[PDB]
Amino acid sequence: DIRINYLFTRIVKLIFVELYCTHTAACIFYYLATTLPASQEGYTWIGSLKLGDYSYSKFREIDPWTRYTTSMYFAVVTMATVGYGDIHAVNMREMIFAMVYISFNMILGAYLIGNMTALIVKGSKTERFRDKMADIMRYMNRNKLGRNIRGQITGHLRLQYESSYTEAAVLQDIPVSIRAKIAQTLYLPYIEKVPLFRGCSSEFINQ
Amino acid sequence: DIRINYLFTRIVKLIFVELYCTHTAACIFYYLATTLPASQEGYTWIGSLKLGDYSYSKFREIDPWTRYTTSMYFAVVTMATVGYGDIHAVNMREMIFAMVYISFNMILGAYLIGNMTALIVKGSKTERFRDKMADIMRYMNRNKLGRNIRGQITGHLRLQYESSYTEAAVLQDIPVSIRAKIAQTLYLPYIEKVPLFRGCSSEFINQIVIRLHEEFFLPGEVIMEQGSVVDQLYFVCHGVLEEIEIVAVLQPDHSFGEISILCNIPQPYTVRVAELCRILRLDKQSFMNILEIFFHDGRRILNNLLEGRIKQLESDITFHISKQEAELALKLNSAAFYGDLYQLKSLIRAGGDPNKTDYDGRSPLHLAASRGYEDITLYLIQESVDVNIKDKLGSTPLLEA
Amino acid sequence: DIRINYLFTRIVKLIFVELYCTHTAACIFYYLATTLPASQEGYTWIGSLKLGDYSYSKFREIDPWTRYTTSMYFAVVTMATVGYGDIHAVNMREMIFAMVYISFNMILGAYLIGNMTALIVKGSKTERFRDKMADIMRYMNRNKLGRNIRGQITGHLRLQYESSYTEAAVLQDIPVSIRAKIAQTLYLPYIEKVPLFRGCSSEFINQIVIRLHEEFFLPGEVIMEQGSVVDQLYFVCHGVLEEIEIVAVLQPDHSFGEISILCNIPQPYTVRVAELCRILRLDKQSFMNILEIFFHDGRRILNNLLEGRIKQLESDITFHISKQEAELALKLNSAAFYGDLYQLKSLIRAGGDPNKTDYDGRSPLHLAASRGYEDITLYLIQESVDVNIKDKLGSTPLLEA
Amino acid sequence: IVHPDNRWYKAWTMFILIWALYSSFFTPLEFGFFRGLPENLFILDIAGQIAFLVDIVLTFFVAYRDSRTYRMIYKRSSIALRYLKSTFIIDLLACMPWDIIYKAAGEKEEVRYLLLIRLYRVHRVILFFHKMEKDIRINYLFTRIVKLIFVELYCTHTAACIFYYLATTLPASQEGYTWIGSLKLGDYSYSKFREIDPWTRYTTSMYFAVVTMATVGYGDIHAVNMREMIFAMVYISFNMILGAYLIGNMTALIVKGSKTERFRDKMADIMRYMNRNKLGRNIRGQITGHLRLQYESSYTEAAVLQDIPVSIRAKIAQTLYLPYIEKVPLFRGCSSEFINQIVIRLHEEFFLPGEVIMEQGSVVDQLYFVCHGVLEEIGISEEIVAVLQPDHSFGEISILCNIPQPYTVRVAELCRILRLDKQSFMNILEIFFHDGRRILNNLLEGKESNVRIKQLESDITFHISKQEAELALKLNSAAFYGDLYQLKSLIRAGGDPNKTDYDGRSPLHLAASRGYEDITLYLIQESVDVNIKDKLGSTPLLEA
């Protein structure tokens with residue numbers, strides 16, 4: 001769709017795919033802790049947790065809210081490759097899942113950087129103006145030619161950038177029927193006033 | 001290899017490299033722990049490890065499985081630069097290996113990002129459409145076009161993208177002959193069903209298929225205007241086209257616009273699009289060029305043109321085909337009258353028989369001999385033009401000299 | 001802005017953005033610690049913090065300095081994804097902010113890499129030299145060139161890179177007039193000192209400066225061969241050149257290669273490079289066109305050519321200038337004899353006076369009238385060519401017809 | 001004297017790179033892990049500064065090359081002013097002995113901070129990487145990788161020596177607040193933090209610097225003090241700029257692409273188009289195989305042989321193209337200097353099999369020479385009327401008679417074709433009138449097997465007669481001005497003294513016109529017609 005910003009759409013899609021993967025990993029990390037019976041919950045990544053003075057010893061019937069947001073906090077930190085270390089895998093089954101999840105984020109993390117780099121490298125229509133003038137300036141500085149001649153050429157580039165609207169026009173992948181009508185609406189008023197075309201027929205000036 | 005994918009063939013290589021390096025580092029790191037004697041195992045990275053209630057108080061004879069997955073877990077975490085810190089180097093020899101292993105991953109890690117970035121730099125099909133649309137929008141909005149014409153331009157550009165009408169950007173690499181078979185694969189069935197080309201030779205038809213172009217039109221558009229000279233030949237391959245109060249409906253497998261191409265008669269009707277239609281177009285210049293080479297093919301098409309309102313048109317075109325033959329001799333004699341040697345060369349190899357005369361009767365030799373153009377006279381000798389041809393006066397080309 | 005750098009103007013913006021975000025996050029994170037009452041400060045990220053022997057047992061009234069740098073330290077470590085883990089969220093509300101703050105840095109962190117990458121994509125001066133050298137090396141090695149000629153090609157490309165001889169890639173944007181003043185800034189002092197151009201008009205000299213090109217030559221190279229027709233005019237402005245046993249030494253502020261540019265005499269000497277030399281060259285097409293327009297300027301140069309071995313050459317050029325004047329009439333009359341309309345138009349507007357005759361004496365009107373070319377006679381009357389001119393026979397153009 | 005680029009000077013420059021490399025790495029160790037200097041290392045400190053002192057007094061006697069005219073200034077005054085305003089101020093401060101000054105003025109730690117000004121001479125090593133990067137014998141990818149490693153190894157080394165220095169600022173009584181005095185990795189104490197050994201105390205600092213530089217952050221070693229927190233934030237912020245720079249260089253090399261990547265990308269787009277229409281089964285093999293040869297048959301395409309002086313391009317062309325020109329049948333009996341002019345402007349092109357060079361009915365503007373492969377001519381069902389072999393030149397018949405191309409030519413096998421423009425072809429013909437008539441003369445003699453020449457025989461016969469008439473005018477003009485030197489050249493190269501121009505004149509008539517006896521007897525010895533007659537009825541003797 002052309003009514004929606006293209007940069008906005010790409011950013012939101014990357015956020016959603018990153019949010020959904022993190023949400024799924026958080027719900028699976030907590031599931032692995034419940035596989036072990038309550039007798040040996042001390043081996044789990046959460047039953048042995050102690051952040052400040054909070055216990056986390058029971059690990060169950062705490063509440064569905066604080067038990068979920070601590071799992072999501074574990075998934076977000078490892079997904080961004082921060083790795084505080086307060087929450088980490090302790091079991092052998094959790095180590096296997098962590099290695100698979102971490103390896104998955106390297107592919108996904110490089111994909112996120114690739115999209116962001118692609119948009120910037122594509123262009124800005126202003127760095128090209130700076131790059132073109134920078135190369136010319138080095139040539140002028142190398143020869144150390146003139147003082148007021150610099151203003152003549154630097155000012156010249158200002159108008160060249162401004163006076164570029166129909167250059168490299170993409171009005172080529174258009175059917176001849178459509179191009180015929182638009183031409184008669186813009187170019188035609190500038191043709192009948194030419195002194196060379198006095199008394200010319202309508203179909204001749206149309207061709 | 002072409003059978004396998006390309007992005008798949010390079011994503012797996014990156015995974016394999018990072019998988020093999022972690023496997024090697026995990027095995028080497030565990031070897032450094034066994035270098036120290038068992039008496040002082042508390043100085044190692046694993047002899048002093050304690051995750052939960054597990055103590056690793058022996059670091060040996062545990063099992064080859066849990067003692068390997070904990071070493072692999074330490075290597076994978078370090079490679080991705082997560083660094084939980086539960087497992088870390090404790091010894092001087094382990095610090096040196098960690099410094100070397102970590103420094104190696106920076107070069108490898110940047111290599112992974114570079115390969116992934118280069119795969120995304122190549123723009124997608126919809127990525128170029130948005131860039132193209134903005135450029136068209138900028139130009140057409142600057143000139144302040146009417147809102148009525150804005151929709152047709154924007155609506156048609158969308159249709160080209162979805163239908164992939166162009167689909168011929170990277171096509172010049174085809175060495176004509178390869179492209180020739182492709183063109184007749186998709187366009188020949190529609191051409192052969194055209195009543196206009198009934199009885200045409202098979203070799204002649206294949207010559208024009210390669211030069212066709214495909215495009216689509218939305219309903220409500222107008223292809224040709226009333227009383228406008230048409231320089232494009234179109235063939236209907238899909239949809240319904242209505243010609244303007246309706247008069248005739250352009251059924252599929254039909255052709256139109258040929259009247260203005262040959263007879264120079266301005267188009268007497270307007271074609272209005274009723275539904276989505278697939279149209280094949282041919283440029284004016286090539287069609288005239290091909291007809292010049294195949295004179296015999298044109299005769300068959302001309303005869304079937306009358307067979308293909310209709311009765312009145314058939315009588316009218318008979319008048320036009322007669323005068324165009326005479327018109328060739330008018331400019332042929334004028335070129336010889338003025339002595340323009342180069343101009344005459346165009347009307348001999350791609351025109352008519354110079355031996356024929358105009359309405360009054362004047363062979364080009366008659367004018368050349370009387371006007372004393374000696375140089376051009378040798379050319380008529382090479383063409384074996386009749387020397388004793390007599391006009392409606394009783395004179396001969398020799399007598400004029 | 002052009003006064004300030006562009007690399008500097010964009011690196012600072014990236015630093016400022018990451019500096020302001022960390023400052024905001026540090027202040028907001030400390031606010032969440034003060035939300036809880038002082039009775040249960042052990043549940044905060046800082047009330048329970050203990051780094052070394054420092055305990056943070058009060059978390060208040062310590063000082064506004066050490067209590068801010070520890071919050072800023074936690075924010076900067078998190079932003080760079082280092083994550084030591086000494087300071088981390090402990091509360092449910094602090095986890096939510098950490099999740100939001102960390103997720104924000106992923107987009108911002110990738111943005112920093114994108115700007116830095118786009119700055120390095122633009123290749124350096126030496127980056128393109130290596131790419132160019134490989135392409136030249138691959139081509140010349142495929143044809144198996146001799147080792148003697150390998151050094152000259154490779155050595156010369158190095159000289160162009162260091163000296164920046166081309167330095168004119170982005171130069172067509174100059175609107176001629178701006179470029180005109182640039183050319184005379186660096187090339188005029190060497191041209192005015194040329195003995196051959198002594199006495200030339202100032203306006204004429206400025207016309208050829210814009211069309212010059214600059215190049216450098218290594219010692220031991222050969223610019224022109226013995227007995228070879230040359231088509232480039234060179235002006236010495238640096239170094240020493242030797243002309244071939246030595247004969248003469250090309251001192252600076254001299255010019256060579258002009259013998260064949262006008263008299264068509266093949267070059268009788270070979271120029272050998274002795275030391276590094278800067279040479280300005282001019283192409284044949286530009287030199288011929290300017291001379292044709294400025295007929296008066298050419299006369300001054302021709303007169304001073306003799307003044308600028310030398311005595312023998314001065315007598316020889318007098319023989320050649322005489323025949324070229326007569327040679328104009330030979331082809332001038334031949335075109336009129338054959339009645340070539342377009343050929344005759346070339347030698348009148350940019351040639352000589354049609355009224356002059358050849359060695360025997362034959363005005364183009366004499367041949368045209370005798371040969372009976374009626375159309376061409378309408379052109380000679382335009383230039384007011386004399387019609388009573390008599391050759392060395394006693395006849396007139398009227399009598400010939 | 002002046003030493004611009006002497007081989008001995010180039011040895012001195014490489015000699016001082018060793019000192020620059022040594023003093024760049026040893027300075028952080030001297031600042032952080034040392035208080036003063038032991039007598040063992042006193043010799044190296046003195047010897048190092050004297051070596052750089054020589055360089056300061058020697059760079060005033062070294063010429064520098066001009067940045068505008070490339071003129072090698074060689075001037076005493078210009079050399080000194082350039083060096084004084086660029087680096088002399090900072091290069092002299094480093095050479096000053098900051099160790100003996102520190103010990104002589106009691107024991108001031110503030111004056112020892114100036115010892116870090118010697119970290120500037122690492123710029124010598126950076127210039128070395130740039131110097132060898134321009135060399136073509138060394139791999140370009142290898143140079144870039146090594147430079148990135150060195151620029152990161154040096155930064156990590158300096159940070160490790162400053163992290164340990166911050167721990168020694170606090171007195172030994174309160175060492176527990178430092179990042180290292182409170183360390184405990186396994187069962188190791190690290191409590192004393194001093195007199196442990198210089199080796200394990202350094203490698204634990206380097207291990208701290210490497211882990212934080214790569215953004216791993218284990219957390220076993222971290223800042224504990226307020227002064228160490230400030231340094232950590234500055235160092236961490238510095239690595240973000242440097243870390244993104246490292247990724248940028250690696251991405252730039254990969255984004256530049258490879259030849260196989262371009263081949264794969266081009267074929268991938270075509271394959272999607274073919275699969276979209278689901279056209280053909282064996283058609284894919286025809287086109288996929290076609291791209292295989294196109295990738296291989298691309299060696300001189302987009303050649304960079306343009307930024308080369310005309311003198312160099314002249315010799316290389318004569319060493320490759322020339323052995324393929326004199327063998328052309330069209331150039332039989334041509335002079336050496338005429339065949340030299342054409343070979344300068346020749347262009348080389350490669351055509352894949354199946355391509356079409358020229359189409360029937362098109363205007364011809366390029367002259368083509370065949371050197372490799374075979375060519376096929378088509379005209380009319382398609383009929384093959386002629387097959388072109390190597391050493392043959394095609395396109396000359398339609399370039400002299402000004403006719404359109406009558407037989408389109410396709411490519412049947414991989415061919416190497418030399419191309420020359422029509423505009424410059426006529427210019428060489430006009431200059432070389434003597435050799436210009438032989439090209440069409442040899443062409444005319446080929447009217448035995450070819451049929452296109454037979455129908456064009458009349459036009460060719462006109463041109464050879466028209467050109468011959470120009471010879472008579474030039475030959476007659478030679479005798480008018482009494483220049484026998486040019487007359488000899490005009491007659492040996494096929495010139496006929498018994499040549500009559502349009503107006504009845506003869507060279508004998510012009511010989512007697514000015515009473516030149518020397519030119520006269522030459523014509524008689526050449527069997528000239530003394531009684532030759534003109535329409536004016538003027539005998540040569542009567543005109544005399």
# chains A, B, ... in the order shown; residues from 1 in each chain; ligands from 1

$ residues_around --residues "residue 175 of chain D" --least-positions-apart "5" --cutoff "9 Å" --atoms "only C-alpha atoms" --output "list in words"
residues 167, 168, 170, 180, 181, 182, 191, 192 and 193 of chain D

$ residues_around --residues "segment 46-62 of chain B" --least-positions-apart "6" --cutoff "12 Å" --atoms "only C-alpha atoms" --output "PyMOL selection string"
(chain A and resi 40-50+85-92+95) or (chain B and resi 29-34+36-40+68+70-71+74+84-91+94) or (chain D and resi 184-188)

$ interface_residues --of "chain C" --to "chain A" --cutoff "6 Å" --atoms "only C-alpha atoms" --output "list in words"
residues 43, 81, 82, 83, 84, 85, 90, 110, 114 and 118 of chain C

$ interface_residues --of "chain D" --to "chain B" --cutoff "8 Å" --atoms "only C-alpha atoms" --output "PyMOL selection string"
chain D and resi 185-188+200+203-204+207+210-211+214-220+246-247+250-252+254-255+264+266+269-270+273+279+286-287+353-356+381

$ write_last_selection --atoms "N, CA and C atoms" --output "mmCIF file, in the first residue's frame"
data_model
loop_
_atom_site.group_PDB
_atom_site.id
_atom_site.type_symbol
_atom_site.label_atom_id
_atom_site.label_comp_id
_atom_site.auth_asym_id
_atom_site.auth_seq_id
_atom_site.Cartn_x
_atom_site.Cartn_y
_atom_site.Cartn_z
ATOM 1 N N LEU D 185 38.632 -15.685 42.048
ATOM 2 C CA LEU D 185 38.140 -16.444 40.903
ATOM 3 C C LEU D 185 37.702 -17.845 41.313
ATOM 4 N N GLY D 186 38.641 -18.658 41.784
ATOM 5 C CA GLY D 186 38.321 -19.976 42.295
ATOM 6 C C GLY D 186 38.638 -20.062 43.770
ATOM 7 N N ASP D 187 39.712 -20.768 44.109
ATOM 8 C CA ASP D 187 40.270 -20.732 45.451
ATOM 9 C C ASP D 187 41.424 -19.749 45.574
ATOM 10 N N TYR D 188 41.770 -19.049 44.497
ATOM 11 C CA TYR D 188 42.853 -18.078 44.553
ATOM 12 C C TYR D 188 42.408 -16.835 45.313
ATOM 13 N N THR D 200 51.108 -12.967 36.191
ATOM 14 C CA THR D 200 49.706 -13.256 36.466
ATOM 15 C C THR D 200 48.921 -12.002 36.816
ATOM 16 N N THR D 203 48.164 -10.588 33.030
ATOM 17 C CA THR D 203 47.260 -11.361 32.189
ATOM 18 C C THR D 203 45.833 -11.368 32.720
ATOM 19 N N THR D 204 45.635 -11.126 34.017
ATOM 20 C CA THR D 204 44.279 -10.973 34.527
ATOM 21 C C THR D 204 43.702 -9.608 34.182
ATOM 22 N N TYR D 207 42.875 -10.013 30.427
ATOM 23 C CA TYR D 207 41.655 -10.807 30.319
ATOM 24 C C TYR D 207 40.418 -9.975 30.623
ATOM 25 N N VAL D 210 39.933 -7.709 27.389
ATOM 26 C CA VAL D 210 39.467 -8.409 26.195
ATOM 27 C C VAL D 210 37.988 -8.750 26.312
ATOM 28 N N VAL D 211 37.561 -9.233 27.480
ATOM 29 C CA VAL D 211 36.174 -9.657 27.652
ATOM 30 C C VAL D 211 35.225 -8.477 27.489
ATOM 31 N N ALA D 214 34.958 -7.149 23.634
ATOM 32 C CA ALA D 214 34.108 -7.931 22.747
ATOM 33 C C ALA D 214 32.656 -7.966 23.198
ATOM 34 N N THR D 215 32.296 -7.172 24.208
ATOM 35 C CA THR D 215 30.931 -7.094 24.729
ATOM 36 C C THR D 215 30.426 -8.448 25.218
ATOM 37 N N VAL D 216 31.313 -9.257 25.793
ATOM 38 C CA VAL D 216 30.883 -10.500 26.425
ATOM 39 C C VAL D 216 30.399 -10.232 27.844
ATOM 40 N N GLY D 217 31.280 -9.703 28.689
ATOM 41 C CA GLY D 217 30.898 -9.301 30.027
ATOM 42 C C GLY D 217 30.525 -10.449 30.939
ATOM 43 N N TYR D 218 31.510 -11.268 31.314
ATOM 44 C CA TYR D 218 31.240 -12.369 32.232
ATOM 45 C C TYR D 218 30.771 -11.857 33.588
ATOM 46 N N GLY D 219 31.422 -10.823 34.109
ATOM 47 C CA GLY D 219 31.072 -10.261 35.394
ATOM 48 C C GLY D 219 31.939 -10.718 36.545
ATOM 49 N N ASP D 220 32.845 -11.670 36.316
ATOM 50 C CA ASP D 220 33.770 -12.076 37.369
ATOM 51 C C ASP D 220 34.696 -10.931 37.755
ATOM 52 N N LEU D 246 34.670 -1.895 12.909
ATOM 53 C CA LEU D 246 35.181 -3.202 12.507
ATOM 54 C C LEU D 246 34.163 -3.955 11.660
ATOM 55 N N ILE D 247 32.889 -3.907 12.048
ATOM 56 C CA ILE D 247 31.847 -4.567 11.268
ATOM 57 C C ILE D 247 31.685 -3.891 9.913
ATOM 58 N N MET D 250 34.282 -5.182 7.419
ATOM 59 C CA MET D 250 34.000 -6.552 7.008
ATOM 60 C C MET D 250 32.799 -6.612 6.074
ATOM 61 N N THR D 251 31.764 -5.818 6.356
ATOM 62 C CA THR D 251 30.592 -5.792 5.488
ATOM 63 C C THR D 251 30.927 -5.204 4.123
ATOM 64 N N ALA D 252 31.775 -4.173 4.092
ATOM 65 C CA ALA D 252 32.088 -3.508 2.831
ATOM 66 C C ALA D 252 32.763 -4.458 1.851
ATOM 67 N N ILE D 254 32.455 -7.771 1.734
ATOM 68 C CA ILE D 254 31.503 -8.779 1.281
ATOM 69 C C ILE D 254 30.478 -8.169 0.331
ATOM 70 N N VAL D 255 30.004 -6.958 0.635
ATOM 71 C CA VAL D 255 29.012 -6.303 -0.216
ATOM 72 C C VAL D 255 29.576 -6.044 -1.607
ATOM 73 N N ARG D 264 25.047 -16.052 -10.327
ATOM 74 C CA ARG D 264 23.896 -16.695 -9.703
ATOM 75 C C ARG D 264 22.696 -15.758 -9.643
ATOM 76 N N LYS D 266 21.890 -13.177 -11.566
ATOM 77 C CA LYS D 266 21.291 -12.936 -12.875
ATOM 78 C C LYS D 266 20.454 -14.125 -13.330
ATOM 79 N N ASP D 269 16.894 -14.551 -11.371
ATOM 80 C CA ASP D 269 15.779 -13.737 -11.847
ATOM 81 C C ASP D 269 15.163 -14.328 -13.109
ATOM 82 N N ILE D 270 16.000 -14.819 -14.025
ATOM 83 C CA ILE D 270 15.493 -15.420 -15.255
ATOM 84 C C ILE D 270 14.709 -16.689 -14.946
ATOM 85 N N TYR D 273 11.155 -16.095 -13.860
ATOM 86 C CA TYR D 273 10.309 -15.734 -14.993
ATOM 87 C C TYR D 273 9.887 -16.965 -15.785
ATOM 88 N N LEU D 279 6.906 -22.655 -18.980
ATOM 89 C CA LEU D 279 7.137 -22.872 -20.401
ATOM 90 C C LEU D 279 8.282 -23.855 -20.605
ATOM 91 N N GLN D 286 18.486 -25.347 -22.867
ATOM 92 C CA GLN D 286 19.047 -24.482 -23.899
ATOM 93 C C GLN D 286 19.507 -23.149 -23.321
ATOM 94 N N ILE D 287 18.728 -22.572 -22.409
ATOM 95 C CA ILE D 287 19.039 -21.245 -21.887
ATOM 96 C C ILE D 287 19.992 -21.317 -20.697
ATOM 97 N N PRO D 353 28.128 -17.475 -29.256
ATOM 98 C CA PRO D 353 27.373 -18.155 -30.315
ATOM 99 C C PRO D 353 25.877 -17.912 -30.176
ATOM 100 N N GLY D 354 25.216 -17.732 -31.318
ATOM 101 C CA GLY D 354 23.805 -17.435 -31.370
ATOM 102 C C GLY D 354 23.475 -15.960 -31.468
ATOM 103 N N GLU D 355 24.431 -15.084 -31.171
ATOM 104 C CA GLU D 355 24.193 -13.653 -31.263
ATOM 105 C C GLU D 355 24.187 -13.200 -32.721
ATOM 106 N N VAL D 356 23.631 -12.013 -32.945
ATOM 107 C CA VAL D 356 23.553 -11.407 -34.269
ATOM 108 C C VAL D 356 24.371 -10.124 -34.253
ATOM 109 N N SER D 381 11.982 -18.848 -46.142
ATOM 110 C CA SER D 381 12.921 -19.812 -45.580
ATOM 111 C C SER D 381 14.339 -19.253 -45.571
#

$ atom_distance --atom1 "atom CA of residue 10 of chain D" --atom2 "atom CA of residue 215 of chain C"
27.3 Å

$ closest_residue --among "A:35, A:126, A:22, A:97" --to "residue 158 of chain A" --atoms "only C-alpha atoms"
A:126

$ atom_distance --atom1 "atom CA of residue 494 of chain D" --atom2 "atom CA of residue 471 of chain D"
9.6 Å

$ residues_around --residues "segment 264-268 of chain C" --least-positions-apart "4" --cutoff "12 Å" --atoms "only C-alpha atoms" --output "ChimeraX atom specification"
/C:223-232,243-244,247,256-260,309,313,316-317,319-321,324 /D:337,431-432

$ write_last_selection --atoms "N, CA, C and O atoms" --output "short mmCIF file (atom, residue, chain, number, x, y, z; two decimals), in the first residue's frame"
data_model
loop_
_atom_site.label_atom_id
_atom_site.label_comp_id
_atom_site.auth_asym_id
_atom_site.auth_seq_id
_atom_site.Cartn_x
_atom_site.Cartn_y
_atom_site.Cartn_z
N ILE C 223 57.77 8.54 -26.33
CA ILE C 223 56.49 9.17 -26.62
C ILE C 223 56.11 9.01 -28.09
O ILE C 223 54.98 8.62 -28.41
N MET C 224 57.03 9.30 -28.99
CA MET C 224 56.80 9.19 -30.42
C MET C 224 57.96 8.46 -31.08
O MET C 224 59.11 8.58 -30.64
N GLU C 225 57.66 7.71 -32.13
CA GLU C 225 58.63 6.87 -32.81
C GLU C 225 59.19 7.58 -34.04
O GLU C 225 58.60 8.53 -34.57
N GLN C 226 60.36 7.11 -34.48
CA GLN C 226 61.00 7.67 -35.66
C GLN C 226 60.18 7.36 -36.91
O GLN C 226 59.73 6.23 -37.11
N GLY C 227 60.00 8.38 -37.76
CA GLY C 227 59.28 8.19 -39.00
C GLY C 227 57.81 7.87 -38.85
O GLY C 227 57.20 7.35 -39.79
N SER C 228 57.22 8.18 -37.70
CA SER C 228 55.82 7.89 -37.43
C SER C 228 55.01 9.18 -37.50
O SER C 228 55.41 10.20 -36.92
N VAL C 229 53.88 9.13 -38.20
CA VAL C 229 53.00 10.29 -38.29
C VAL C 229 52.29 10.48 -36.95
O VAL C 229 51.64 9.56 -36.44
N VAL C 230 52.42 11.68 -36.39
CA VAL C 230 51.85 11.98 -35.09
C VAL C 230 50.56 12.77 -35.28
O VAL C 230 50.33 13.41 -36.31
N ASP C 231 49.70 12.71 -34.26
CA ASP C 231 48.44 13.44 -34.30
C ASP C 231 48.13 14.14 -32.98
O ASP C 231 47.02 14.65 -32.81
N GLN C 232 49.08 14.19 -32.05
CA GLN C 232 48.90 14.84 -30.76
C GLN C 232 49.96 15.91 -30.59
O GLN C 232 51.13 15.70 -30.90
N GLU C 243 65.73 14.03 -27.40
CA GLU C 243 65.25 13.70 -28.74
C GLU C 243 66.34 12.95 -29.50
O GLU C 243 67.49 13.39 -29.53
N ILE C 244 65.97 11.83 -30.10
CA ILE C 244 66.91 11.03 -30.88
C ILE C 244 66.68 11.25 -32.37
O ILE C 244 65.62 10.94 -32.90
N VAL C 247 70.84 14.60 -30.21
CA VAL C 247 70.87 15.70 -31.16
C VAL C 247 70.56 17.00 -30.44
O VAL C 247 71.37 17.93 -30.43
N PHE C 256 56.60 20.35 -29.03
CA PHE C 256 57.06 19.44 -30.07
C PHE C 256 55.86 18.71 -30.65
O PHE C 256 54.76 18.72 -30.10
N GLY C 257 56.09 18.06 -31.79
CA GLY C 257 55.04 17.36 -32.50
C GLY C 257 54.20 18.21 -33.42
O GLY C 257 53.22 17.70 -33.98
N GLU C 258 54.54 19.48 -33.59
CA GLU C 258 53.78 20.39 -34.45
C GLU C 258 54.21 20.33 -35.91
O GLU C 258 53.54 20.94 -36.75
N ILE C 259 55.30 19.64 -36.23
CA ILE C 259 55.74 19.55 -37.61
C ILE C 259 54.74 18.76 -38.44
O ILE C 259 54.37 19.17 -39.55
N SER C 260 54.27 17.63 -37.92
CA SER C 260 53.32 16.79 -38.64
C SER C 260 51.88 17.25 -38.50
O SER C 260 51.02 16.79 -39.26
N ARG C 309 69.55 22.32 -40.18
CA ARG C 309 68.59 21.99 -39.14
C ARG C 309 67.43 22.98 -39.13
O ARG C 309 66.47 22.83 -39.90
N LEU C 313 64.91 23.55 -42.14
CA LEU C 313 63.48 23.37 -41.92
C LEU C 313 62.70 24.63 -42.30
O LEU C 313 61.56 24.53 -42.79
N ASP C 316 62.16 24.50 -45.93
CA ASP C 316 61.29 23.40 -46.34
C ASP C 316 59.82 23.74 -46.16
O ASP C 316 58.99 23.45 -47.03
N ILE C 317 59.47 24.36 -45.03
CA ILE C 317 58.07 24.67 -44.75
C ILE C 317 57.51 25.69 -45.74
O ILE C 317 56.31 25.71 -45.99
N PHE C 319 58.09 25.62 -48.91
CA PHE C 319 57.64 24.80 -50.03
C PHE C 319 56.27 24.18 -49.75
O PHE C 319 55.43 24.11 -50.65
N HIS C 320 56.04 23.73 -48.52
CA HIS C 320 54.80 23.03 -48.20
C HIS C 320 53.61 23.97 -48.09
O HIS C 320 52.50 23.60 -48.50
N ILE C 321 53.80 25.18 -47.55
CA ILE C 321 52.68 26.10 -47.41
C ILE C 321 52.18 26.57 -48.77
O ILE C 321 51.01 26.94 -48.92
N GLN C 324 49.76 23.61 -50.32
CA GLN C 324 48.48 23.41 -49.66
C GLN C 324 47.45 24.45 -50.09
O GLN C 324 46.26 24.15 -50.16
N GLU D 337 53.28 2.01 -43.39
CA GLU D 337 52.75 3.12 -42.60
C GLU D 337 51.23 3.23 -42.70
O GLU D 337 50.60 3.77 -41.79
N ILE D 431 43.91 10.52 -46.54
CA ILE D 431 45.30 10.89 -46.33
C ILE D 431 46.22 10.07 -47.23
O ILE D 431 47.13 10.60 -47.87
N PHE D 432 45.98 8.76 -47.30
CA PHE D 432 46.81 7.86 -48.10
C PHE D 432 46.09 7.59 -49.42
O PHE D 432 45.42 6.58 -49.60
#

$ select_by_dssp --residues "segment 29-207 of chain A" --states "helix (DSSP H, G or I)" --output "PyMOL selection string"
chain A and resi 29-35+38-43+66-79+92-122+127-143+149-162+176-186+188-190+195-197+202-206
